[PDB]
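Residue numbers (this note's numbering), protein chains in the order written: chain A, 1 to 126; chain B, 127 to 368.
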Amino acid sequence: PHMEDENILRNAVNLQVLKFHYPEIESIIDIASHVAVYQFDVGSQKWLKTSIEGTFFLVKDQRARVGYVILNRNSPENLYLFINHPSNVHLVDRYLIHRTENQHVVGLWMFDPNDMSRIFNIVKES
Amino acid sequence: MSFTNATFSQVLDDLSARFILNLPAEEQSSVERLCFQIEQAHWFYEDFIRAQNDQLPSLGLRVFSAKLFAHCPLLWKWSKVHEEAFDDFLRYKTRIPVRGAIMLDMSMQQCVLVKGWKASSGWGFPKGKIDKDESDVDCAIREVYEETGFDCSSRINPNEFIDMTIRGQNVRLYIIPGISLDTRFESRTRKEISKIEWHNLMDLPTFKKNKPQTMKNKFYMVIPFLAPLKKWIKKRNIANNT
């Protein structure tokens with residue numbers, strides 16, 4: 001049961017699962033341990049919390065597009081969104097605002113605060 | 127539609143990365159936190175993954191845990207030294223006792239399901255946590271009377287039930303057949319449920335392997351009880367005609 005690097009092996013089966021759900025995924029850019037998903041109501045009322053919550057996978061598409069996948073721990077319905085432009089992603093407090101698909105606002109609350117800024121700086125690079 | 131054509135090794139691959147592989151450093155070293163995710167992975171396998179693929183077998187918590195450990199070599203180092211500490215915790219963990227009832231009709235092909243008010247609240251059997259110094263039968267009667275308005279005190283049998291530990295809960299649902307279909311269910315006691323309707327057992331996912339599995343409505347903690355309930359009704363129809 002020898003393993004020269006357990007983290008490379010951990011990320012090997014991680015990409016194996018992401019390709020099983022989305023074959024267009026080419027590689028993993030970064031991973032966040034625990035991430036909760038919030039959704040801003042289109043009625044412009046309050047900050048509703050979505051039932052989506054799981055591991056955050058910063059992923060790169062076959063077309064070199066940079067998006068993210070969230071394996072939901074509460075339902076098979078995962079979250080797969082692409083970041084078309086860095087001007088759509090902002091960082092407010094311990095949230096990661098993202099305006100995707102014309103008018104829509106999703107907020108990513110990450111458990112580890114160091115993961116939020118690291119992902120945010122990578123998103124600003126394509 | 128996600129796990130329709132998924133092998134059992136791929137399912138263990140998904141549940142591994144989804145629940146137990148990407149925890150932080152201190153959480154993976156914790157027996158309580160590692161056991162908590164495995165119980166969640168077991169419930170996720172029974173309630174969701176099996177409904178999308180009937181080929182996958184129904185497993186118990188202790189059996190599912192054993193296959194998942196041998197599946198991932200990253201836990202072989204952990205399970206070799208923390209074997210006795212984990213097996214004692216998985217068996218003796220304090221779990222929330224929940225009691226309920228599976229009310230069937232006279233023909234034993236329609237059951238009573240209850241649904242909440244939340245948009246994502248799925249259908250489930252009337253159950254709930256037990257109170258202090260409360261009996262197993264008394265808790266099931268109370269939860270049914272509160273969530274459905276029907277008093278099954280004169281019909282509940284302490285020996286006819288399905289007991290199963292799932293998602294960190296010791297669940298025991300007492301099977302009560304012969305409920306009149308004309309029963310007026312009024313959940314005036316608890317305003318946290320919305321609808322109470324009879325559901326044909328054949329319409330639930332895992333009950334009828336021959337029928338095409340279409341899962342248009344959501345079900346919560348209903349699929350894992352279908353395999354024992356199908357076996358239970360099969361033995362009752364034989365015992366009624368012997």
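In this text, a Cβ means the ideal position worked out from N, Cα and C, and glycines have one as well.
beta-carbon residue i near the ligand SAH non-hydrogen atom, thresh 8 Å
i	result
B:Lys253	By its list of ligands, the structure shown contains no ligand whatsoever, and the ligand SAH lies outside what it can speak to.
Residue i at chain B interface by Cβ criterion, 9 Å
i	result
A:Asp112	yes
A:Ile31	yes
A:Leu9	yes
A:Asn84	no
A:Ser51	yes
A:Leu81	no
A:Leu71	yes
A:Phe40	no
A:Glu101	no
8 Å contact criterion, which residue i and residue j should meet: CB distance rounded
i	j	result
B:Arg293	B:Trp169	4 Å
B:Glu172	B:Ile349	6 Å
B:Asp180	B:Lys356	Their Cβ separation, rounded to whole angstroms, is 13 Å, which puts B:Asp180 and B:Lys356 out of contact at 8 Å.
A:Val17	B:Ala143	5 Å
For residue i, the three-state DSSP class (helix, strand or coil)
i	result
A:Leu81	strand
B:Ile292	strand
B:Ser313	coil
B:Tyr346	coil
B:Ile175	helix
A:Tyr22	coil
B:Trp243	coil
B:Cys161	helix
B:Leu182	coil
A:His2	coil
residue 90 of chain B	A query on residue 90 of chain B cannot be resolved here, the shown segment of chain B reaching from 127 to 368 and no further.
B:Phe134	helix
A:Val69	strand
A:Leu108	strand
Range of the contiguous beta strand (DSSP E) that encloses residue i
i	result
B:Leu187	Unbroken run through B:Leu187 is the alpha helix (DSSP H), 187 to 197; no beta strand (DSSP E).
B:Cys265	No beta strand (DSSP E) holds B:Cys265; the alpha helix (DSSP H) holding it covers 262 to 274.
A:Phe56	47 to 61
A:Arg99	95 to 99
Residue-chain proximity (residue i, chain A), Cβ-Cβ < 9 Å
i	result
B:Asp180	no
B:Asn148	yes
B:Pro252	no
B:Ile175	yes
B:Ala132	yes
B:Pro331	no
B:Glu153	yes
Closest Cα partner of residue i within the set the options
i	options	result
A:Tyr68	A:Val123, A:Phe40, A:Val105	A:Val123
B:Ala353	B:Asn363, B:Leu327, B:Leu239, B:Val238	B:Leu327
A:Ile29	A:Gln39, A:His21, A:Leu15	A:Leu15
B:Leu149	A:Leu91, A:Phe56, A:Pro23	A:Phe56
B:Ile222	B:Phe276, B:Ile319, B:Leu239, B:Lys253	B:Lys253
A:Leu96	A:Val59, A:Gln39, A:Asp61	A:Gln39
A:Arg10	B:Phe129, B:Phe145, B:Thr130	B:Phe145
Residue interval of the alpha helix (DSSP H) (run including residue i)
i	result
A:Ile119	113 to 123
B:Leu201	Segment: none, B:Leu201 is in no alpha helix (DSSP H) and carries neither H nor E.
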